[PDB]
Amino acid sequence: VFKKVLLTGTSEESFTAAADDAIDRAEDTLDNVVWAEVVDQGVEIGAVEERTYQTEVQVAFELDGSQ
Amino acid sequence: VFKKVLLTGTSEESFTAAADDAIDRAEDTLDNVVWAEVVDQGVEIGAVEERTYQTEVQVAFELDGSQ
Amino acid sequence: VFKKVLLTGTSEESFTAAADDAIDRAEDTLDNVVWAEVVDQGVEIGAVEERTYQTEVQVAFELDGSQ
Amino acid sequence: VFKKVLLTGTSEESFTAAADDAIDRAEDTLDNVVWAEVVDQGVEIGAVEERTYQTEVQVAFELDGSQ
Amino acid sequence: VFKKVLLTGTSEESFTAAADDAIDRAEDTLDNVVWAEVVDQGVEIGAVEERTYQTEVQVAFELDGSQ
Amino acid sequence: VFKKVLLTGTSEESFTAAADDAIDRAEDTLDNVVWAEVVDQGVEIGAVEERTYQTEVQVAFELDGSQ
Amino acid sequence: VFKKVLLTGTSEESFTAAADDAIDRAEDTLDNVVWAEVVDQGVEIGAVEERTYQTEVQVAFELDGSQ
Amino acid sequence: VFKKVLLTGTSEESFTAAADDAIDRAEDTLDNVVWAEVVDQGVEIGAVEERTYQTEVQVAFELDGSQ
Amino acid sequence: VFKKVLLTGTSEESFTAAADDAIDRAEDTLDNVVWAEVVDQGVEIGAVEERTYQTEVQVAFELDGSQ
Amino acid sequence: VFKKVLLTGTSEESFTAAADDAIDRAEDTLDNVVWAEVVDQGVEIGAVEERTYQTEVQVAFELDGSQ
Amino acid sequence: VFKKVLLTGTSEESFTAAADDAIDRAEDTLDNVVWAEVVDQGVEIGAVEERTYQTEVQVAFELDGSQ
Amino acid sequence: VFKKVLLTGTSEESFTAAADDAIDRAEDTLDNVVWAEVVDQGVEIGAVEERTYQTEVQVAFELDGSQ
């Protein structure tokens, strides 16, 4: 059984780096992370000093573990 | 990093009040709730005494916290 | 078996009241109405005296009855 | 020919009132506003004092005018 | 308030049995599971000995409990 | 001209059998049923003794008949 | 209250003429037909002598009447 | 950079002619119109003397110009 | 087993004629073409002398043949 | 690099068996088939002696091979 | 009230840089740009010397200003 | 007439580079490649040594050629 958590990563550099930010957080807290699907991308502009790219991903992990 | 939980709030009054019900529950259990996106709305009819409006929301919260 | 009819309710007050308008009509003509799913919302402006909120719902009813 | 502008209205009261906020702004600046279609709804939470409901609408107006 | 978890069940027999696999896991760990909505289906081929059917479901459970 | 009715079939066995349940009901009441398109699948859990698989289909029938 | 029926019109000439075919059938059997929304278009090839264009429309009619 | 305007053209003849109506209006008011994407089609029935076909298009134009 | 190829037909006359253009090409190269589903429509403007209507279709053909 | 072919399998038994039919055909003609994603399901009724379940899948295969 | 403009940015380097191109143009002409949502990505190949990445974004800006 | 092939490119560097990987393969085997539309993005994690970014694109090429 796989379970997915919906995380939005952020980066001041790129959409790829924002996806990595989310995946990094998932790997810090969950075992057996296996893949991530991008579901949305955007850019925060007014409210931050530098534009901040955001990439929302469903990050899937295999259970027999970490729900 | 933001994380989202998918909650369906209910209200016997309105769709707005059903969205608030879900957000209220999120704030009872999570720190740093920042926004909610409506993803579905419906009405429970047969099975309840009074029609019950339901609003499903993705409620986003900022981590460095509450996963 | 459930069957659904696609109805657009109207109200000069709110989207919730427009959903109720459609459900009310379904209950006037069908037995065993069990739930409604919102599929669209809009507002009629030019053509009416007062803005008219509209909510389109799939209204589900249980058969062994009313097709 | 109709043209649409994509506006997000806000309200501290309800989703219907947030749709009205957007339509009100359209009527302040455009002639012949004829209808609005809801395309998204959400709630701003962290960043405001009171939750702020938002309703995004495509507001249509008839040209021979106001592009 | 209902909450949903996004689980992908697997089965070497059928899509229905893969949906049951996910629901079974949800019932092992959560109280008040009430329904599941299918959101995707697929088949793992290269990487397994036997084709493995997968069915992804949003499994809903009623809170006053198990978040 | 074809017309479609939106029916949700149920089965305690499988998604295929739930699609058949809906089609069976359509054939009991309509002439010239020609095809069905699956539009949603789900499982009722809490509220029934046994899980009940549901498959929602648009069932198309040719008119010159049965509207 | 408006109600919609989902009809697929056919024509050996064009997609517009296939939409008209469906609307024509609706007007033969229902009062107060007010608009139609196109939801799908296709072409039947193998099975007919001449290609047959099909246009599926939700045809809306105002009730106080014809459900 | 390209920018798009969302226009609904109308025609008493066909969906293609309604798309042309919208594009014609865009070319009357904007420089460098390069393409149009159809996003919706429908037919106005009750409210007009003759059925009026409508085609909604995103019409794209290249800037260094006409925003 | 049916297989589909995704083709975009073009025409300087209409969307129906652009769908036919794609189907014509499929029939020139494939046996047992059975139907086509429209998936997108658009108009090429800047880059051509005359507007060129385009209709993208999934064209289905029955195998035991032409993959 | 992976490539996908869009195939509709058929079965007089079930949706799972119809997905297998498509995958079987892909494996007869392509090397390195790795997974399949279900994209549509339906049932052929009028035109066949027995209802025929159909499952449309994108079947993915790894290249360095079989385009 | 927020308003959105639909812009397609281009870059010969990356999808992130193409999103920035669109946002840059919005900031040159509009006050209070607050965020951008990615809605499509693509690559122009035949017609340019170097592949050109394109990212289409809805760029939102707060009014009390720049419609 | 344009035809599209659905390819998933991979890269250990970025989503843009994964789109290029797919396009590169298309240009190795097809004449007149004209554009690519991104349809999905994801990241392979468990199963590879280094995260592998994937970008799925519909790559369009003009026929009078390479089907």
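Order of writing sets the chain letters: A, B, C, D, E, F, G, H, I, J, K and L. Residues in each chain are counted from 1.
What we mean here is this: contacts are C-beta pairs under 8 Å (C-beta built on N, C-alpha and C of every residue); 3 or more make two chains touch, one makes a residue touch a chain.
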{"item": "Chain pair, B-E or F-J, that carries the greater number of C-beta contacts", "value": "F-J"}
{"item": "Pair from G-I, F-J or F-G with over half of its contact pairs in common with A-E", "value": "F-G"}
{"item": "Same-residue or different-residue interface between chain F and chain G, half as cut-off", "value": "different"}
{"item": "Chain centre separation (chain C, chain I; CA means) in Å", "value": "39"}
{"item": "Distance from the mean Cα position of chain G to that of chain A, given in whole angstrom", "value": "44"}
{"item": "Rounded Å distance between chain H and chain I, as computed from the means of their C-alpha atoms", "value": "23"}
{"item": "Multi-chain contact residues (two or more partners), chain K", "value": "6, 14-16, 47"}
{"item": "Which pairs of chains touch, using the document's own definition", "value": "A-B, A-E, A-K, A-L, B-C, B-D, B-E, C-D, C-F, C-G, D-H, D-K, E-F, E-J, F-G, F-J, G-H, G-I, H-I, H-K, I-J, I-L, J-L, K-L"}
{"item": "Chain H to chain D touching residues, read off their complex", "value": "5-10, 21-22, 25, 29"}
{"item": "Residue ranges of chain C touching chain B (in the complex, touch as defined)", "value": "14-16, 19-20, 23, 27, 32-38, 57, 62"}
{"item": "Partner chain J, residues of chain E touching it in the complex", "value": "13-16, 40-47, 51, 53"}
{"item": "Partner chain I, residues of chain L touching it in the complex", "value": "1-4, 6, 58, 60, 63, 67"}
